[PDB]
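Down below is the structure, laid out as C-alpha cells.
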Amino acid sequence: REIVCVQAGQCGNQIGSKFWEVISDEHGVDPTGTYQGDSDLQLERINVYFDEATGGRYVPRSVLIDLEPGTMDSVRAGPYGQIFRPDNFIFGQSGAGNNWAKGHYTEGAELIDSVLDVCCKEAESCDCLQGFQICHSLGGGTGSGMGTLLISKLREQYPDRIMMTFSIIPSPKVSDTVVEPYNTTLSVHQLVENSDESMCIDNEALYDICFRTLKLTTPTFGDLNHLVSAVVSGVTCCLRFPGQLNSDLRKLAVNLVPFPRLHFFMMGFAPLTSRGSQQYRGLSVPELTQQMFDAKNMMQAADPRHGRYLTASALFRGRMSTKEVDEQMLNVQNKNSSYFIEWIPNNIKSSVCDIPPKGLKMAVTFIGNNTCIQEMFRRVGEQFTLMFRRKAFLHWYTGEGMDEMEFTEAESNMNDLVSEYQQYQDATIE
Amino acid sequence: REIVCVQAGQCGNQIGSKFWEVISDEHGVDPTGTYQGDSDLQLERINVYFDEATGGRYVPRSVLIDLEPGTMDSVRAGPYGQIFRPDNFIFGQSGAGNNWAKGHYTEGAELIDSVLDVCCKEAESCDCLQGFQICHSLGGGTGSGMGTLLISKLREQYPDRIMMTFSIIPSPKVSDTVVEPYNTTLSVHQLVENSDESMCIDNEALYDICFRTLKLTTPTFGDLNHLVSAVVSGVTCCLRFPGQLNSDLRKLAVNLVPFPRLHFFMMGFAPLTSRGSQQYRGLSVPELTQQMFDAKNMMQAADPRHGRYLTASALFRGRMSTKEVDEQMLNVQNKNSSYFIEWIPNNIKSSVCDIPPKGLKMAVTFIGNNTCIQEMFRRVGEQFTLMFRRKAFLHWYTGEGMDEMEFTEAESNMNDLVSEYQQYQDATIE
Amino acid sequence: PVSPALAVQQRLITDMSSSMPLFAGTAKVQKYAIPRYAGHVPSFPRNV
Amino acid sequence: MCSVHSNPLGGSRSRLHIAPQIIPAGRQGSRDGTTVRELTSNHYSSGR
Amino acid sequence: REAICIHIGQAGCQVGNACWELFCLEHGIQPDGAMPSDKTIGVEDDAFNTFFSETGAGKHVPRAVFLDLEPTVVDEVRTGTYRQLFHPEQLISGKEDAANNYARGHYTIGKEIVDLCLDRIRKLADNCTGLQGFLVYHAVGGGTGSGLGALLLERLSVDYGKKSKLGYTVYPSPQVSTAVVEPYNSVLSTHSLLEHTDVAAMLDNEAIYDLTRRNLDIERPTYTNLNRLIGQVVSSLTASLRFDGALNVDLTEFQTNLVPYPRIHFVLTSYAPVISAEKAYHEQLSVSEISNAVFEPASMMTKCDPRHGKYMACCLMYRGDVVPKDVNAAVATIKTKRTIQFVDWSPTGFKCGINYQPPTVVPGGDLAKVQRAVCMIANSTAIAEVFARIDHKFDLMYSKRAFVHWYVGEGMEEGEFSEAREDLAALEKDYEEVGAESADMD
Amino acid sequence: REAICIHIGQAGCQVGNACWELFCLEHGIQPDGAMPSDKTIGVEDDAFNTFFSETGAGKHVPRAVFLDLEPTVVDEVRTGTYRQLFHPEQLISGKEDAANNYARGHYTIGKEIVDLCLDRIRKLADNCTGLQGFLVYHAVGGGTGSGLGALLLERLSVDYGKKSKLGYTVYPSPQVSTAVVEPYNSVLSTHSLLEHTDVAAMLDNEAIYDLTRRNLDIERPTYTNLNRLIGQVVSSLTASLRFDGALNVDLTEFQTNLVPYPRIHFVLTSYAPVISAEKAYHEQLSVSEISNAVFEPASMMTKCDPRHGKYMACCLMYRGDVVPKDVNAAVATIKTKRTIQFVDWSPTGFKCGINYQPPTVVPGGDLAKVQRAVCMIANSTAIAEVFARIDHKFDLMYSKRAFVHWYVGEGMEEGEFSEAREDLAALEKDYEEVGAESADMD
Ligand SMILES: Nc1nc2c(ncn2[C@@H]2O[C@H](COP(=O)(O)OP(=O)(O)OP(=O)(O)O)[C@@H](O)[C@H]2O)c(=O)[nH]1
Ligand SMILES: Nc1nc2c(ncn2[C@@H]2O[C@H](COP(=O)(O)OP(=O)(O)OP(=O)(O)O)[C@@H](O)[C@H]2O)c(=O)[nH]1
Ligand SMILES: Nc1nc2c(ncn2[C@@H]2O[C@H](COP(=O)(O)OP(=O)(O)O)[C@@H](O)[C@H]2O)c(=O)[nH]1
Ligand SMILES: Nc1nc2c(ncn2[C@@H]2O[C@H](COP(=O)(O)OP(=O)(O)O)[C@@H](O)[C@H]2O)c(=O)[nH]1
Ligand SMILES: [Mg+2]
Ligand SMILES: [Mg+2]
C-alpha cells in the first residue's frame with residue numbers, strides 16, 4: 001500500500017525535505033541510500049514510501065515542481081538532497097509572479113503535461129496504489145495554482161483512489177503577501193470539489209506552539225517544518241508497522257467525514273514538552289489525553305471552545321494498554337459532553353501502534369473535525385470582499401485572461417461552505 | 001547463413017566503419033585479423049559476417065563504393081581499416097556533385113560493372129547466401145542514385161533473396177542540401193518497387209535522443225553512427241547465437257509486412273540512459289518494455305500517438321523468462337488498445353536470445369510498422385510540389401538527360417503510397 | 001618570448017602591423033586609452 | 001614556431017597549428033569524456 | 001537571473017560608476033575583470049551571472065551600456081581605472097549635447113544615435129536565456145535624459161514587449177535647482193514615462209542631503225556620497241536575485257504587489273542603518289528598531305512627507321542575519337501604530353523579504369559595517385504633492401511662453417505643452433480619486 | 001583535389017600576392033619553396049597538393065599564372081621577395097596596357113598574348129590527375145581585366161568544356177569611383193561573363209572600407225588590407241578541399257546548389273569574425289552569435305541591402321571548432337526571424353559545411369586570432385538594384401555618345417553597346433520575374 005508524494009512551491013518543497021529527513025531517519029536509510037537499520041521491522045514495509053534501486057539503494061517516490069530552480073537548487077544542495085532521483089526534478093524558466101492566473105493558465109499548462117507523465121510513470125510501477133500525498137501553501141502563486149491544477153488532473157486520472165493534501169493557509173496576523181485573499185479563495189474553491197481530505201496549518205499556531213509549549217528562544221522555519229513533518233509522518237505510521245488495532249487512510253475517511261463536503265480537519269501531536277521538565281513526569285495515557293485535547297497543542301488559530309466536534313481520531317504509537325486508551329476516551333467524552341455533537345453516540349475513534357518514534361516511550365497524533373474552521377474561512381471571505389469591491393489589483397489577473405465571473409463564483413462557493421458548517425453547528429432535534 | 005554488406009557514399013561508409021568495429025569487438029577479432037575470443041559461442045558462427053583467409057585471418061564480407069576517395073582514405077587510416085580487403089575498395093575520379101542524375105546515369109554506368117563483379121565474386125563464394133545489407137543516405141547524390149542502381153541490379157540477379165536497407169532521410173526542420181526533395185522522391189520510388197524492408201532514421205531524432213535521454217553536452221556524428229551501428233548489429237543477433245525462440249530476417253518479414261507495399265519501419269534500442277541516472281534504476285523486462293514504446297526512444301520525428309500500429313517486433317537478448325515477455329506484450333496491447341489495428345488479433349512478435357552484448361545484462365531492439373510514416377512522405381511531396389511547379393533547379397537533371405515524366409511518375413507513386421497508408425489507417429470491419 | 005598576459009595579447013598584433021606610420025594621430029596608437037577614443041592624440045614623436 | 005593540432009571532434013590526419021604563442025580569443029567550448037559507448041556498454045561503471 | 005543595465009546622460013553614468021564599483025566589490029571581481037588567481041574557494045558559484053558574462057579565458061565583462069551625447073564623461077570612463085572592464089563598443093558617445101532641450105534630444109540629435117543603442121541592446125538580449133528586466137538610470141531635468149530616455153523606452157517597449165522596465169530617476173528638487181528650464185523637461189519626460197514604465201522609483205537630492213546631514217555627520221557632502229547611497233539601494237533590491245535566502249522576491253512580484261492600477265506605479269525608497277563608524281559601536285541594532293526607522297520621515301531619499309497621505313502597499317527587504325519572527329513582530333508592531341494609515345481597500349498591506357547576505361563594506365566608504373539592514377519600497381498617495389508643485393512651476397513659466405521659441409525652433413509644436421500639462425493634471429485627479437474612502441452601505 | 005588559379009591585371013595580381021602569402025603560411029612552405037626540416041609529419045600527407053606541386057628535389061611550386069599587359073606589376077613580383085617561388089615562365093607580361101579600353105584588350109592587344117596563356121594552362125592541366133575547377137581573379141572596371149578575361153574565359157570554355165570555372169570579381173562601387181569609363185567596361189565585360197561562368201562573386205571596395213573602419217579601427221586603409229581579407233575568404237571556401245571535416249564541400253556542389261536558372265549565377269559574400277585583437281578578448285564568439293552576424297548587413301563585403309529582396313539559396317561554411325548540433329539550432333533560429341525572407345518556391349534554403357581547421361593568423365595582419373569562423377555565399381534578388389545603377393549611368397553617357405570614338409577606333413561596332421544594354425535589361429527582367437509569388441492555384 002504505497003503513497004506517491006508531490007511537493008509544490010517553496011513552502012511545499014522545504015516541508016517535503018524535512019518530511020523525507022524524518023522518514024529516512026525512522027527507517028535507517030543512509031543519505032547515500034544504503035540500508036543501515038537494526039531491525040527487520042524497518043525493512044518489511046520500506047516499499048510503502050521507497051522504491052528499490054539496484055545494488056542495495058533506495059529512492060524516494062516524490063515529484064518536485066517549481067517555476068525557478070532556486071528552491072530546487074537549495075533542496076538538491078541540502079544534506080539529504082542526493083537521495084532524490086534526478087529525472088524527478090521539474091522546473092521552468094519564469095516565475096508565477098505571485099499571480100494565481102499566471103501559475104494556472106500561462107506557465108502551468110506549459111509544464112503540467114510533463115508532471116502528469118512523471119506521476120503516471122511512478123504510479124503504474126506500484127503493485128497496488130494507495131492515495132497520493134501533496135504538500136503546498138494556499139497563499140502563494142505557483143503553489144496554489146499548480147497544486148490545484150495537478151489535483152484536478154490526478155482526480156480525473158485516478159478517481160477511485162484517495163487524494164490527501166497538507167496545506168499552509170494565511171495567518172490573520174502574518175501578512176507575507178498583499179494578494180493572499182484572491183489566491184486562497186480560488187484555491188479553496190478548487191479543493192472543496194476536488195479533494196477527498198485536506199489538512200490545514202497556520203504558521204501562527206506553530207509560532208505559539210514553539211514559544212509557549214517548547215519555550216524556544218529563537219525559532220526558525222526548520223522547527224516549524226519539523227513539527228509538520230512529525231504529524232505528516234505520524235498519520236501514515238499505522239499503514240507501515242504492526243499494532244493491536246490497525247487503521248488505514250480510507251478507514252479514517254469513512255469514520256471522520258459524515259457528508260462529502262465536510263472534509264477539512266485539524267491536526268495535533270501530544271508529547272511536546274521541554275527537555276527540562278520531561279524528567280519530572282512520566283508519559284501515560286491520561287497525560288497524553290490531557291495534552292491531546294488542550295487547545296494549546298492544536299495547530300489552528302480557531303479555538304475548539306467556539307465550536308463543536310463532529311468526530312475525532314487518535315492514533316497511538318508505543319507499548320501501552322488498550323484499557324487506559326478506552327477509559328480515557330470514554331471519560332473525556334462524558335466529562336466535556338456539551339462540546340460533542342449529540343446525534344453521534346461515540347465521537348472518538350482510537351488506534352494503537354506498537355512502534356513509537358525513536359527516543360519517545362509513547363506518542364499519539366490527533367486529528368480533529370471541528371466546526372470552528374468556519375471562522376477562518378469567514379476571515380478570508382471578509383478580506384476578499386473588502387478588496388473586491390474596489391477592483392484593488394484585478395487588472396493583473398484579467399490581463400492573464402481570467403473572467404471576473406470566476407471571482408464571484410469562488411466567493412459564492414466559499415460563502416456556501418461557511419453557511420453549511422454553521423448550519424450543521426447550530427442544528428437541533430425536537 | 002551469411003550476409004553481404006554494401007556501404008555507399010559518405011554517410012554509409014562512416015556508419016559502416018563503426019558497424020564493423022562493433023561486430024569485430026563482439027566476435028573478438030583483433031585488428032590484425034587474428035581470432036582472440038574467449039568462448040566457442042563467438043567462433044561457431046563467425047562465418048556469418050567474415051570469410052577466412054589463410055593462417056588465421058578473417059576478412060569482412062563488405063564492398064566499399066564511393067565516387068571520390070576522400071572517405072575511403074579516412075576509413076583506411078582508422079584503427080580497424082586494415083581488416084578490409086584491398087580489392088573491395090572501388091572509387092572513381094570525380095564527385096557526384098550532389099546530383100541524383102549524375103550519380104545514377106553518368107558515373108554510375110561507368111563504375112557499376114566493377115561493383116557488380118565484386119558482389120558476384122562474393123556471392124558465388126557463399127555455400128548458401130542470405131540477404132544483402134545496404135547503408136546509404138537518401139538525401140545525397142551518389143548514395144541515393146548509385147545505391148538504388150546497385151540495388152536494382154542485385155534484385156535482377158538474386159530475385160529470390162531478401163533485400164534490406166538502412167537509410168538516412170531528411171530532417172523536417174533544417175536541410176543539409178537544397179535539392180533534397182528530388183533525390184528523396186526518386187530514391188523512394190526505386191525502393192518501394194525493389195526493396196523487401198527499409199529502415200529510416202532522422203538526424204533530428206538522434207539529436208533529441210542524445211539531448212533528452214543521454215543529456216550529452218556536445219554530441220558528435222560518431223555518437224549517431226554508434227546508435228545506428230547498435231541497431232544494425234542487433235537485428236541480426238538471433239541469426240548468429242542460440243536462444244529459446246529463434247528468429248530470422250525472413251521470419252521478421254513474414255510477420256511484419258501485411259501487404260507488399262507497407263514495408264517501411266521505425267527502429268529503437270532500449271537501455272539508453274545517462275551516466276548520472278544509471279545508479280537509480282535497475283534493468284528489468286517491465287522497465288525495458290515501458291521505455292521501448294516511449295516515442296522519446298524512437299529514431300524518427302513522427303510520433304506513434306498520431307497513428308496506429310499494424311505490427312511490431314521485439315528481439316530480446318539475455319537470460320530472462322518467457323512469461324514476463326508474453327504477459328508484458330499482452331498488457332501493453334490491452335491497455336493501449338485504441339492504438340492497435342483491430343482486425344489483427346495480435347500485433348507484437350517476440351523473440352528471445354541467450355547471449356546479450358558484452359557489458360549489458362539484457363537488451364532489446366524494437367521494429368515498428370506504424371501509419372505515421374505517411375506524414376514524412378506527405379511533407380516530402382509538399383516540398384517537391386513547391387519546387388517542381390517552378391522548375392527551380394531542374395535544368396541540371398534534364399541536362400544529364402532525365403525526362404520530366406520520371407518526376408511525375410515518382411510524385412504519383414509517392415502520393416499513392418500515402419493514400420494506401422491512409423486507407424489502411426481508417427479501415428473498419430463493417 | 002610573448003607573455004600570455006591580456007594586454008600583451010591585445011597590443012601584439014598592432015605592434016607588428018605593416019602600416020604603422022599610417023596609424024599616427026588615431027586612437028589605435030594611444031596605449032593609455034581603450035580604442036575608439038575621442039580626445040586629442042598627438043601625431044609627432046616629440047609630442048608623443 | 002609550429003605545432004600539431006589535436007583531434008577532439010574527429011578526424012585522423014595531422015593538422016598544423018601556426019604561431020602557438022598568440023593565444024586565441026573567444027570562448028572555448030565545454031568538453032567532457034562522456035561518449036556514447038561509455039553509456040551503451042559500460043553498465044559495470046559501479047560494482048554495487 | 002539576468003538583468004541589463006542602461007545608463008543615460010550625466011547623472012545616470014555617474015551613478016553607474018558607483019553601482020559597478022559596488023557590484024564588483026561584493027562579488028570580488030578585480031577592476032580589470034579577472035577573478036583573483038590566488039583565490040581557491042572552489043565553490044565557483046553562479047551568482048555573478050546576473051550581472052556578468054564570461055569570455056572563456058576567465059575575464060568578466062558587465063551587462064551594461066553607457067550612453068551620452070557629450071564625450072567628456074565617457075572619455076573619463078575610457079581613461080579611468082575600469083578601462084579594461086567594459087567592452088569598448090558598449091561605451092557609446094555622441095558629438096554634441098542636447099543643450100537642455102528635450103526637443104533637441106528627441107527630434108534632432110538622439111535620432112541619429114538611437115539605432116546604435118538598439119543594436120547593442122539586441123546583442124546583449126541575444127546572449128541571455130532568462131532575461132527578467134531592464135534597469136534604467138537617468139535624470140528627467142536635463143535634455144539628454146529626457147529626450148533619449150523617452151525615445152529609447154518607446155522603442156524598447158515596441159521591440160521587446162512584455163519584458164519589465166524599472167527606472168531609477170533623479171527628479172528636480174523642490175527648492176534646490178540646477179537649470180532654469182527644469183519644469184518643462186520634467187513635464188515632457190513624465191508624459192512619456194507614464195505610458196512606458198512598469199515601476200518608477202522617486203529620488204530627491206534634498207532628502208539625500210538631509211539624510212547625510214542628520215544620520216551621518218557630514219556638513220559638506222558631494223555627489224560621490226549620494227551615488228554610493230543609490231548604489232546601495234539598487235544592490236539591496238537586486239540582492240534577492242543573487243544570494244540564498246528565506247523569502248525571495250522575483251522582479252515580477254514587485255509589479256504584482258506594488259501596483260494596484262496601471263498608472264499608480266510611482267514609489268518611494270528608504271534605507272535604515274545608514275550610520276557612521278563612531279556611533280556603530282555604541283548601539284545594538286535589532287530588527288524592531290530599524291523597522292521603526294524605515295517609517296520615520298528622517299529616513300526617506302525622496303522629499304515628500306508621508307504623513308499627508310495613505311499607504312497602498314509596502315515591500316520590506318531584509319538582508320543579513322535576520323530571523324522571520326523578528327520581522328513578523330516588527331510588522332505587527334508597525335501595524336499597531338496610529339500615525340501609520342493604510343487605505344481601507346488594502347487589508348494585507350505588507351510584503352516581506354529575508355536574505356542572508358549582509359551589506360558590503362566599501363574601502364573608501366563612509367558607512368559602518370553592520371550585520372543586518374532593511375530597505376523599503378512603498379506606494380503612497382503623498383507623491384501627488386510633488387507633481388502639484390512641478391505643475392504650478394510650469395503654469396508660472398508657461399503663462400508668457402517664456403522660453404518656448406527654443407523648443408519650437410528646435411522642432412516641437414507648441415501644442416505638445418498643453419497636451420502634457422493636461423495629462424499630468426489627469427494624473428493628479430487619478431491620485432485624488434484612488435484615495436477616496438467610500439461607504440458601500442448606501 | 002587540384003585547382004588552378006588565373007590572375008589577370010592589377011587587382012587580380014595584387015590580390016594574388018596576398019592569397020599565395022596566406023596559402024604558404026597555412027601549409028608552412030617558405031617563400032623560396034622549400035619545406036623546413038622541422039615541419040615533420042607523423043604520417044605522409046597530401047593537403048598541399050591542391051595548391052603546390054613538387055619537382056622531386058623537394059622544392060614547392062604553385063599552380064598559378066600571372067597575366068598582365070603592363071610589365072610593372074609582374075616585374076614587381078619578379079624583383080620582390082617571392083622571386084624563387086613562381087616559375088619564371090608562369091609570369092607573363094606584355095609591353096603596354098589596355099588603357100581602360102575593353103576594345104583594345106579584347107581585339108587589339110590581348111589577341112597577341114592569349115596563346116601563351118593557353119599553352120601555360122594546358123601545361124598545368126597535363127600535370128594533374130583530378131583537376132576540379134578554375135579560380136579566376138579580375139576586375140571588370142578596367143580594360144585588360146574585362147577584355148582579356150572575357151577572351152581567355154571563352155577559350156577555356158571551348159577547350160576544357162564541362163569543367164567548372166568560378167570567378168571572384170571586383171565590381172564598380174556605387175559612389176566611390178576611379179575612372180570615368182567604368183560603366184561601359186563593366187557592361188561589356190558582364191555580357192561575355194554571363195555566358196561563360198558558373199558562379200560569380202561580387203565585391204565592392206566601399207564595403208571593405210566600411211568594414212575596416214567600423215569593425216577594425218583603421219582610419220586609413222589601403223589595398224593590402226582589402227586583399228588580405230579577400231585571401232582569407234578564398235582560404236575559407238577552399239579549406240573544404242584541404243582538411244578533414246564533418247561535412248566536406250566539393251566545388252561542383254556549389255554550382256548545383258546555388259544556381260536555380262542558368263543566368264541567375266551572381267552571388268553575395270560575407271565573413272563573420274572580422275574583429276580587432278582588443279575587441280576579441282572582451283567577448284565570447286559562439287556559433288549562434290556569428291550565425292546571427294553573417295545575416296546582418298554590417299557583415300557584408302558588397303554594398304547591397306538584402307532587406308530589399310528575397311533569398312533563394314544560402315551556403316554556410318563553418319571552419320574550426322564547431323559541432324553540427326549548434327549549426328542546426330542556429331539555422332533554425334535564423335529561419336524563425338521575420339526580417340529574413342526566402343522565396344516561397346525554395347523551401348530547403350540552406351547548405352552547410354563543417355571543417356576542423358581554424359582560420360590562420362598572419363603576422364602582419366589586422367584580424368584577431370579566433371577559434372572559429374563562418375563564411376557565407378548567398379543568392380538574392382537584391383543584386384538587381386546593383387545592375388540598375390550601372391545601367392542608368394550607361395544610359396546617361398550613351399544618350400550623347402560621350403566617349404564612343406575611342407571604342408570605335410580600337411575595333412568595335414557601335415551595335416555592340418545596344419546588344420549588351422539589351423542583355424542587361426533582360427537580366428533585370430529575369431530578376432523581376434523570378435521573385436514574383438505564384439498564387440494562381442485555381
Ligand atoms: N545625484 C546626482 N545628480 C546629478 C548629478 N549630475 C547632475 N545631477 C542632477 O541632474 C539634473 C541635471 O541633469 P543632467 O544629467 O546634467 O542632464 P544631462 O543628462 O547632462 O542632459 P544634457 O544637459 O542635455 O547633457 C540636476 O537636477 C542635477 O542636480 C550627479 O552626478 N549625481
Ligand atoms: N580591392 C582592390 N581593388 C583594386 C586593386 N587594384 C585596382 N583596384 C580597383 O579596380 C579598378 C581598376 O581596375 P584595374 O585593375 O586597375 O584595371 P586593369 O586590369 O589594370 O586594366 P588596365 O588599366 O587596362 O591595365 C578600380 O576600381 C580600382 O579601385 C586592388 O589591388 N585591390
Ligand atoms: N512554515 C513555513 N512557511 C513558509 C516557508 N517558506 C514560506 N512560507 C510561507 O508561505 C507563504 C509564501 O508562499 P510561497 O511558498 O512563497 O508561495 P510560492 O511563491 O507559490 O512558492 C508565506 O506565508 C510564507 O510565510 C517555510 O519554509 N516554512
Ligand atoms: N548520421 C550521419 N549522417 C550523415 C553523416 N555524414 C553525412 N550525413 C548526412 O547525410 C546527408 C548528406 O549526404 P551525403 O552522404 O553527403 O551524400 P553524398 O554526397 O552522395 O555522399 C546530410 O543529411 C548529412 O547530414 C554521418 O556520418 N552520420
Ligand atoms: Mg550634459
Ligand atoms: Mg593596368
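In the C-alpha cells, each chain is lettered A, B, ... as it comes, each chain's residues begin at 1, and ligands are numbered from 1 in order of appearance.
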
Enumerate residues in contact with ligand 4: an atom-to-atom distance of at most 6 Å, counting only C-alpha atoms and all ligand atoms. Format the result as a list in words. residues 9, 10, 11, 14, 98, 137, 139, 140, 141, 142, 143, 170, 176, 203, 221, 224 and 225 of chain B

Collect all residues with atoms no farther than 6 Å from ligand 2, counting only C-alpha atoms and all ligand atoms, and output them as an mmCIF file with N, CA, C and O atoms, in the first residue's frame.
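File pocket_29.cif, as written:
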data_model
loop_
_atom_site.group_PDB
_atom_site.id
_atom_site.type_symbol
_atom_site.label_atom_id
_atom_site.label_comp_id
_atom_site.auth_asym_id
_atom_site.auth_seq_id
_atom_site.Cartn_x
_atom_site.Cartn_y
_atom_site.Cartn_z
ATOM 1 N N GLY F 9 45.416 41.171 -64.719
ATOM 2 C CA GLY F 9 45.543 42.584 -64.423
ATOM 3 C C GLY F 9 45.970 42.915 -62.997
ATOM 4 O O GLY F 9 46.426 42.072 -62.219
ATOM 5 N N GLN F 10 45.729 44.173 -62.641
ATOM 6 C CA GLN F 10 46.372 44.789 -61.484
ATOM 7 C C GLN F 10 45.747 44.318 -60.181
ATOM 8 O O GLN F 10 46.450 43.836 -59.282
ATOM 9 N N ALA F 11 44.422 44.440 -60.069
ATOM 10 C CA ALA F 11 43.729 43.959 -58.881
ATOM 11 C C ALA F 11 43.913 42.461 -58.703
ATOM 12 O O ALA F 11 44.115 41.990 -57.580
ATOM 13 N N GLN F 14 47.578 41.749 -57.513
ATOM 14 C CA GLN F 14 47.791 42.207 -56.143
ATOM 15 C C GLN F 14 47.028 41.356 -55.126
ATOM 16 O O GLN F 14 47.558 41.057 -54.050
ATOM 17 N N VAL F 15 45.787 40.965 -55.430
ATOM 18 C CA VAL F 15 45.085 40.010 -54.570
ATOM 19 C C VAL F 15 45.775 38.648 -54.565
ATOM 20 O O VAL F 15 45.808 37.960 -53.533
ATOM 21 N N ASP F 97 49.556 48.691 -71.787
ATOM 22 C CA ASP F 97 48.287 48.417 -71.135
ATOM 23 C C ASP F 97 47.135 48.537 -72.129
ATOM 24 O O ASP F 97 47.297 49.011 -73.255
ATOM 25 N N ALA F 98 45.957 48.100 -71.697
ATOM 26 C CA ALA F 98 44.742 48.266 -72.482
ATOM 27 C C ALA F 98 44.045 49.594 -72.228
ATOM 28 O O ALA F 98 42.931 49.794 -72.723
ATOM 29 N N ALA F 99 44.684 50.502 -71.485
ATOM 30 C CA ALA F 99 44.326 51.923 -71.446
ATOM 31 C C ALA F 99 42.846 52.157 -71.157
ATOM 32 O O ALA F 99 42.198 52.997 -71.780
ATOM 33 N N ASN F 100 42.299 51.375 -70.228
ATOM 34 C CA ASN F 100 40.882 51.396 -69.869
ATOM 35 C C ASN F 100 39.947 51.133 -71.042
ATOM 36 O O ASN F 100 38.756 51.445 -70.962
ATOM 37 N N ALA F 139 39.201 42.370 -62.117
ATOM 38 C CA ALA F 139 38.255 43.472 -62.017
ATOM 39 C C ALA F 139 37.637 43.796 -63.369
ATOM 40 O O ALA F 139 38.332 43.828 -64.389
ATOM 41 N N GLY F 141 36.151 46.674 -64.055
ATOM 42 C CA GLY F 141 36.159 48.100 -64.313
ATOM 43 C C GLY F 141 37.231 48.545 -65.281
ATOM 44 O O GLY F 141 37.070 49.572 -65.949
ATOM 45 N N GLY F 142 38.330 47.802 -65.380
ATOM 46 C CA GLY F 142 39.417 48.170 -66.257
ATOM 47 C C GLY F 142 39.410 47.423 -67.586
ATOM 48 O O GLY F 142 38.666 46.472 -67.805
ATOM 49 N N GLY F 143 40.268 47.901 -68.484
ATOM 50 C CA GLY F 143 40.217 47.459 -69.868
ATOM 51 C C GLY F 143 40.757 46.060 -70.101
ATOM 52 O O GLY F 143 40.091 45.218 -70.711
ATOM 53 N N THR F 144 41.963 45.783 -69.600
ATOM 54 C CA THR F 144 42.558 44.464 -69.803
ATOM 55 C C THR F 144 41.874 43.380 -68.978
ATOM 56 O O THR F 144 41.640 42.283 -69.493
ATOM 57 N N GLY F 145 41.469 43.683 -67.746
ATOM 58 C CA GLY F 145 40.733 42.701 -66.968
ATOM 59 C C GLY F 145 39.435 42.261 -67.614
ATOM 60 O O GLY F 145 39.256 41.072 -67.878
ATOM 61 N N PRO F 172 32.372 47.807 -59.932
ATOM 62 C CA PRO F 172 32.433 49.242 -59.611
ATOM 63 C C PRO F 172 31.514 49.635 -58.462
ATOM 64 O O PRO F 172 30.311 49.373 -58.483
ATOM 65 N N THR F 178 36.791 55.468 -59.669
ATOM 66 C CA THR F 178 38.184 55.707 -60.011
ATOM 67 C C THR F 178 38.396 56.159 -61.451
ATOM 68 O O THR F 178 39.329 56.923 -61.709
ATOM 69 N N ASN F 205 34.829 47.795 -53.140
ATOM 70 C CA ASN F 205 35.825 48.350 -52.230
ATOM 71 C C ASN F 205 35.201 49.209 -51.135
ATOM 72 O O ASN F 205 35.729 49.258 -50.022
ATOM 73 N N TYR F 223 45.035 49.021 -50.082
ATOM 74 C CA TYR F 223 44.693 47.821 -50.845
ATOM 75 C C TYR F 223 45.222 46.524 -50.242
ATOM 76 O O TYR F 223 44.595 45.473 -50.414
ATOM 77 N N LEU F 226 42.491 45.100 -47.953
ATOM 78 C CA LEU F 226 41.385 44.502 -48.685
ATOM 79 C C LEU F 226 41.801 43.171 -49.293
ATOM 80 O O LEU F 226 41.037 42.196 -49.271
ATOM 81 N N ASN F 227 43.006 43.124 -49.858
ATOM 82 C CA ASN F 227 43.478 41.907 -50.496
ATOM 83 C C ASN F 227 43.695 40.783 -49.486
ATOM 84 O O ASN F 227 43.434 39.614 -49.787
#

Tell me which protein, DNA and RNA residues are within 8 Å of region 8-22 of chain C, counting only C-alpha atoms, leaving out same-chain ones fewer than 4 positions away, and put them as an NGL selection string. (:C and (2-4)) or (:D and (22-23)) or (:F and (220 or 277-278 or 281 or 363-366 or 368))

By how many Å are CA of residue 355 (chain F) and CA of residue 166 (chain B) apart?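 One can read the CA of residue 355 (chain F) to CA of residue 166 (chain B) distance as 26.6 Å.
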
Near residue 232 (chain E), counting only C-alpha atoms, which residues have an atom at most 12 Å away, once you skip same-chain residues fewer than 3 positions from it, shown as number ranges by chain? E: 15-16, 18-23, 25-26, 225-229, 235-239, 269-274, 319, 358-362, 365, 367, 373-375

Select residues of chain E: the criterion is any atom within 7 Å of an atom of chain F, counting only C-alpha atoms; output as a list in words. residues 55, 56, 61 and 87 of chain E

Residues flagged strand (DSSP E) by DSSP in chain D, as a PyMOL selection string: chain D and resi 2-4+16-18

Taking 3 positions as the minimum chain separation for residues in the same chain, which residues sit within 8 Å of region 110-127 of chain A when counting only C-alpha atoms? Answer as a count of residues only. 14

From chain C, collect each residue whose DSSP state is alpha helix (DSSP H) and return the set as a list in words.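 Alpha helix (DSSP H) members of chain C, listed: residues 6, 7, 8, 9, 10, 11, 12, 13, 14 and 15 of chain C.
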
Contacts between chain B and chain A, please, where a residue of chain A counts if it comes within 9 Å (with only C-alpha atoms); show its shortest atom pair and distance in Å to one decimal, rows by chain and ascending number, as JSON lines.
{"residue": "A:52", "atom": "CA", "partner": "B:281", "partner_atom": "CA", "distance": 8.1}
{"residue": "A:53", "atom": "CA", "partner": "B:281", "partner_atom": "CA", "distance": 5.1}
{"residue": "A:54", "atom": "CA", "partner": "B:282", "partner_atom": "CA", "distance": 4.9}
{"residue": "A:55", "atom": "CA", "partner": "B:282", "partner_atom": "CA", "distance": 8.4}
{"residue": "A:57", "atom": "CA", "partner": "B:280", "partner_atom": "CA", "distance": 7.8}
{"residue": "A:58", "atom": "CA", "partner": "B:280", "partner_atom": "CA", "distance": 8.3}
{"residue": "A:59", "atom": "CA", "partner": "B:280", "partner_atom": "CA", "distance": 7.2}
{"residue": "A:85", "atom": "CA", "partner": "B:280", "partner_atom": "CA", "distance": 6.6}
{"residue": "A:86", "atom": "CA", "partner": "B:277", "partner_atom": "CA", "distance": 6.7}
{"residue": "A:87", "atom": "CA", "partner": "B:277", "partner_atom": "CA", "distance": 7.6}
{"residue": "A:121", "atom": "CA", "partner": "B:290", "partner_atom": "CA", "distance": 8.9}
{"residue": "A:125", "atom": "CA", "partner": "B:286", "partner_atom": "CA", "distance": 8.8}

Near chain B, meaning an atom within 10 Å, which residues of chain D appear when counting only C-alpha atoms? Write them as a ChimeraX atom specification. /D:9-13,29-32,34-46,48

Pairwise distance for CA of residue 190 (chain B) and CA of residue 148 (chain B), rounded to one decimal in Å: 6.4 Å

Spatial neighbours of residue 237 (chain B), 12 Å, only C-alpha atoms, chain gap at least 2 places, as a PyMOL selection string: chain B and resi 23+26-27+42+45+48-49+230-235+239-243+246-249+315-318+351-357+363-365
